[PDB]
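Undergrad: What would the 3D arrangement of this be:
(chains A, B and C, ligands or ions: 8)
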Amino acid sequence: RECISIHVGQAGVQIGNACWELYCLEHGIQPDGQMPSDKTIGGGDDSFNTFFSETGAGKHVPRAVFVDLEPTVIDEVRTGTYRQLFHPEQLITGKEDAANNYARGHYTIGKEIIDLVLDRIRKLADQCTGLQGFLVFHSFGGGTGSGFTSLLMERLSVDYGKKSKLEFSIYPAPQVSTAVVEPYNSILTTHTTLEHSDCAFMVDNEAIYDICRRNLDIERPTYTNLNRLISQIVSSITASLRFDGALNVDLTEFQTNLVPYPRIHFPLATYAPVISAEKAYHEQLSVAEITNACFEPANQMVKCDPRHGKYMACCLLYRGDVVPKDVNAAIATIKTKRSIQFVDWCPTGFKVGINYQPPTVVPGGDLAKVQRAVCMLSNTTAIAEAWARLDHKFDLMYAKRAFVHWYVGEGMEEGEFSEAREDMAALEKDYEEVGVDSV
Amino acid sequence: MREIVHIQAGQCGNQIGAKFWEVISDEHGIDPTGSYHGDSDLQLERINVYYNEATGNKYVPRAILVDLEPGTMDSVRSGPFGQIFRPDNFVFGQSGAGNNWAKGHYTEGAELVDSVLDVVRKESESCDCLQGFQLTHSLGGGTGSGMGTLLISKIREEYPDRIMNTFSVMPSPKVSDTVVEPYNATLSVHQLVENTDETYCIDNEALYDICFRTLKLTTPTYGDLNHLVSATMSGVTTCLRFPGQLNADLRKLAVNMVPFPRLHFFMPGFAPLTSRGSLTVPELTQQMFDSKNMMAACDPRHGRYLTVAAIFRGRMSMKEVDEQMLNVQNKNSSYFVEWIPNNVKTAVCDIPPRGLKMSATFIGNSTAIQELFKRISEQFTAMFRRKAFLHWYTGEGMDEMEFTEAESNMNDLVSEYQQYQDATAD
Amino acid sequence: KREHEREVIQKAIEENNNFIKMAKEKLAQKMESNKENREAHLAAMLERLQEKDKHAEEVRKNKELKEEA
Ligand SMILES: Nc1nc2c(ncn2[C@@H]2O[C@H](COP(=O)(O)OP(=O)(O)OP(=O)(O)O)[C@@H](O)[C@H]2O)c(=O)[nH]1
Ligand SMILES: Nc1nc2c(ncn2[C@@H]2O[C@H](COP(=O)(O)OP(=O)(O)OP(=O)(O)O)[C@@H](O)[C@H]2O)c(=O)[nH]1
Ligand SMILES: [Ca+2]
Ligand SMILES: [Ca+2]
Ligand SMILES: [Ca+2]
Ligand SMILES: [Mg+2]
Ligand SMILES: [Mg+2]
Ligand SMILES: [Mg+2]
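TA: Numbers count the residues shown, from 1 in each chain, chains lettered A, B, ... in the order given. Ligands and ions are numbered 1, 2, ... in the order given. Provided below are the atomic coordinates:
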């Protein structure tokens, strides 16, 4: 029961760098891949083996692939503290990036390297007794993150069919955006990928940026700060696959309980508690307190107001000092609050899980080591607010065909821009249809 | 990895271009012998963008020096860094163009262009991944203007998927008395509209006014004017030479700065500009967006900004920069097109320029740039209506229609800038 | 019922297979249409500069024919 992570572009690679660093600390894997606590050498059916393969020498190798169309970012990995952890074939780099151009990442530069990426992925898959699916980390805005990811997703649908594909996407934010055409790249990748991904977790950089300032007193956050925080959400989601437990979810479970309709598969994550060490000092937070924090809009990962929408499904993943009795009471209270509205076609609307391994913080980080934490994955109609903001920015530029020549110069037709935008128009409509009360 | 090939044509290109290499070589710790005498390791992270590496850990500029008057070549060799340039990359002519565009584009430049492209080819083949070319030249002379645009077309012909960037210097009556300068410029603009992805407009009328009005130099010299350009050129290329992720290469810059292929004429700016006989982040920000700090003789408040790139240099509070860029954008909302969201991008480099602690360079694609082209069309049509000095060009084979097409095409470009200046969101 | 059970698993297989083929087909024409476009966007861009050489030689020809003092 195994998962392969694919990290694409600067954002995906740099996010993976934080996630795999956290995985090693959670499992006690050293930067050279050795895990002393593991006594089954060269193999095993342990829970952590879903994400780590093993060699006869006792090394624990991530079941991951790093791909970028320029080597600047992945070279850090090849020389960083965790360079020994990855086999050289796992890290794949071109020589010329996509220049914030979806078309270059999909057609011009992407096709140069797609076949090699699939071959290295296939070698990882052949090392599997049973493969659940793929975890794809990328950014909506970059040329490689959008253009190449869409090509990879389409190719994966062919080589592996209906096998699960889950995305971790980075929604553009002007605070740190390095491209004016990011709206074009996001609408195009979303449309191209929309029918290939079974579930996509979006993260709005602006939301993370505000959370880091407010909750962690970080006066001017950097990608390092943001990426560690994303890692906690990714760690919590994968915790049920990497750690052995009786109250876990797996890819198939929480997919089946979060996605009511194929196109409506964009939940927004919420994590709690996000606290600095100063405030954590002499302050321990209860299961109910962190459970209530998940429904406060301030702690969301996409700028939106769930109060102005309706919940269709909530997945609450607790980890740490959490007892079933506390969890049941917390969710019981939520079901009494009327500020939290569920659609009328979802009476049972809570998937629940508990893992007993406590959260881990990387040394030198800003998050405090807490005893219990919770991640909530909620599919609410409020997420459509995010699509509306990005579609409006798409419209403003496309009305004047601004920047479109860069895409036509790389082979695309104006039809793909309207075709993609009409798909987003339908999706915006689908999100209001599902929010209407039944007859 | 990401290599740029520099080219400089004419006296103007060679003098502004020679200063470019003196300035950036100092910034990277390269002395005229090509040796590295620097302290911090960020000086070499991206040294290969503009410098080839040779045995002995000597760095040689990836530069090609060109002119149709051989005397120029000696001037560069004698200069402060004249011995750093690779000697085979000198490509000299015989006589000189005499400020005749047709000779540099068709007759004497054509006979020399193939020798230049050979040096171009040799330099490009030693690049791990070539990203593009940058040309320094003037539009009023005869060699940089005529042969420069020809070299652009021939390079685009042989490297059509690489970016072509130029630093084009624009004639002014205030700086040179030559009478046919309006002809040469209008003819080169007609070329640069089609064959370059992005062009930094350097206007001597703006450089002279800055040297006279702001720096109080009653008799500015090309050394004074070229001190301004070198500061600008160093600023508008620092994203390309130092670690960062905003407009880090020439294509990423073009994609953020060029909403429409013809509208690729930028309005450079620099701050501070203080006399030797006389600074905070809010001040830097206000000064950049002041018309008196623009290297093009246009007022941005007479038009609208399609896209803007601001580069800050020095040790400073990034939080302070974020606020001030936000402040100036929404305090001047009316001067930014509403139909291009988030069209102002800000980069910060820890390393400041020489002599200063905090610098700010401004790259603006403004519809106000049309004021410059309207100045030239006025001068151009003033003489073309009477066909003055037109025999200089027809004598080399040109027809009168190439002048009308160049005139009409420049007038179309001005009309296009106005179309988007008056455009609405709804 | 056993007949129904076989009809169901077979449908699932036919579901997956069609997903692959609509995917494989949609990708193939979209990379081919794109090929045509970028080929033609270059084919005509360099036929643009044969007219600029047929005109470069035309100019140089009109000079030598003007040198007939
Ligand atoms: N959270 C987070 N977002 C990032 C990071 N790096 C880039 N981004 C975002 O990604 C978008 C730009 O895409 P990139 O990942 O930088 O570009 P790319 O994927 O390498 O593709 P190319 O531009 O063609 O090289 C912007 O919206 C950034 O805000 C990161 O390290 N962390
Ligand atoms: N700022 C500045 N402008 C210059 C300089 N040299 C020439 N110019 C300008 O360039 C124009 C004349 O072009 P030149 O470079 O002298 O001519 P050329 O390109 O060498 O071509 P020919 O001399 O005709 O062979 C005029 O408009 C001058 O104002 C310079 O060193 N600095
Ligand atoms: Ca084992
Ligand atoms: Ca082992
Ligand atoms: Ca002078
Ligand atoms: Mg990149
Ligand atoms: Mg279970
Ligand atoms: Mg000269």
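
Undergrad: contacts and neighbour counts: CA atoms only from here.
TA: Fine.

Undergrad: can I assume residue B:64 sits in a strand?
TA: Yes: counting by DSSP: H, G, I helix; E, B strand; the rest coil, residue B:64 is part of a strand.

Undergrad: And the helices in the stretch 101-250 of chain B?
TA: For the stretch 101-250 of chain B, the helices defined by DSSP state H, counting those that start in this stretch occupy B:101-102, B:108-125, B:148-158, B:181-195, B:204-209, B:222-236, B:238-241, B:250-257.

Undergrad: let me redo that: chain C
TA: For chain C, applying DSSP state H gives helices covering C:2-47, C:56-64.

Undergrad: Residue B:33 is in contact with residue B:83, isn't it?
TA: Yes: contact criterion C-alpha atoms under 8 Å: residue B:33 and residue B:83 qualify, at 6.9 Å.

Undergrad: Look up the closest residue to residue 300, ignoring the ones flanking it.
TA: All of this is about chain A. residue A:270 (4.9 Å; C-alpha to C-alpha, 6 or more residues apart in numbering or on different chains).

Undergrad: not what I meant, chain B
TA: Distance criterion C-alpha to C-alpha, 6+ apart; nearest residue to residue B:300, sequence neighbours excluded, is residue B:368 at 5.4 Å.

Undergrad: got a list of what whichever residue of chain A sits closest to chain B touches?
TA: Residue nearest to chain B within chain A: residue A:403 (4.3 Å; C-alpha to the nearest C-alpha). Residue A:403 makes contact with A:181, A:397, B:255, B:258-260 under the criterion C-alpha atoms under 8 Å, 6 or more residues apart in numbering or on different chains.

Undergrad: how about the residues of chain C near chain B?
TA: Counting by C-alpha under 8 Å from any C-alpha of the partner chain, chain C comes close to chain B at C:46, C:49, C:56, C:59-63, C:66.

Undergrad: Could I get the residues you listed in JSON lines, plus columns for neighbour count?
TA: JSON lines is the format used below for those (neighbours: other C-alpha atoms under 10 Å in any protein chain shown):
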{"residue": "C:46", "neighbour count": "15"}
{"residue": "C:49", "neighbour count": "16"}
{"residue": "C:56", "neighbour count": "18"}
{"residue": "C:59", "neighbour count": "19"}
{"residue": "C:60", "neighbour count": "17"}
{"residue": "C:61", "neighbour count": "13"}
{"residue": "C:62", "neighbour count": "16"}
{"residue": "C:63", "neighbour count": "16"}
{"residue": "C:66", "neighbour count": "13"}
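
Undergrad: from these, which single one is nearest ligand 1?
TA: residue C:46 (26.9 Å; C-alpha to the nearest ligand atom).

Undergrad: Okay, and the beta partners of the residue nearest to residue A:87 when sequence neighbours are not counted?
TA: Once flanking residues are discounted, residue A:87 sits nearest to residue A:61: 7.4 Å by C-alpha to C-alpha, 6+ apart. Applying DSSP bridges to residue A:61 gives these bridge partners: residue A:53.

Undergrad: same question, residue B:268
TA: residue B:363.

Undergrad: For burial, what's the neighbour tally of it?
TA: For residue B:268, the count of nearby residues is 26 (other C-alpha atoms under 10 Å in any protein chain shown).

Undergrad: what does residue B:57 give?
TA: Residue B:57 has 10 neighbours, counted by other C-alpha under 10 Å.

Undergrad: cool, and the one 3 residues further on?
TA: Counted with other C-alpha under 10 Å, the burial measure for residue B:60 works out to 21 neighbours.

Undergrad: Just the element for it, please.
TA: strand B:58-61 (DSSP states H and E).

Undergrad: give me every residue that touches residue A:352.
TA: With C-alpha under 8 Å, 6+ apart, residue A:352 has these contacts: A:315-318.

Undergrad: pretty sure residue A:3 contacts residue A:136?
TA: No: contact criterion C-alpha under 8 Å: residue A:3 and residue A:136 do not qualify, at 10.5 Å.

Undergrad: need the strands for the stretch 301-426 of chain B, in chain order.
TA: B:305-314, B:344-349, B:358-366 (DSSP state E, counting those that start in this stretch).

Undergrad: and of the ones you listed, who's closest to residue B:15?
TA: strand B:358-366 (21.3 Å; C-alpha to C-alpha).
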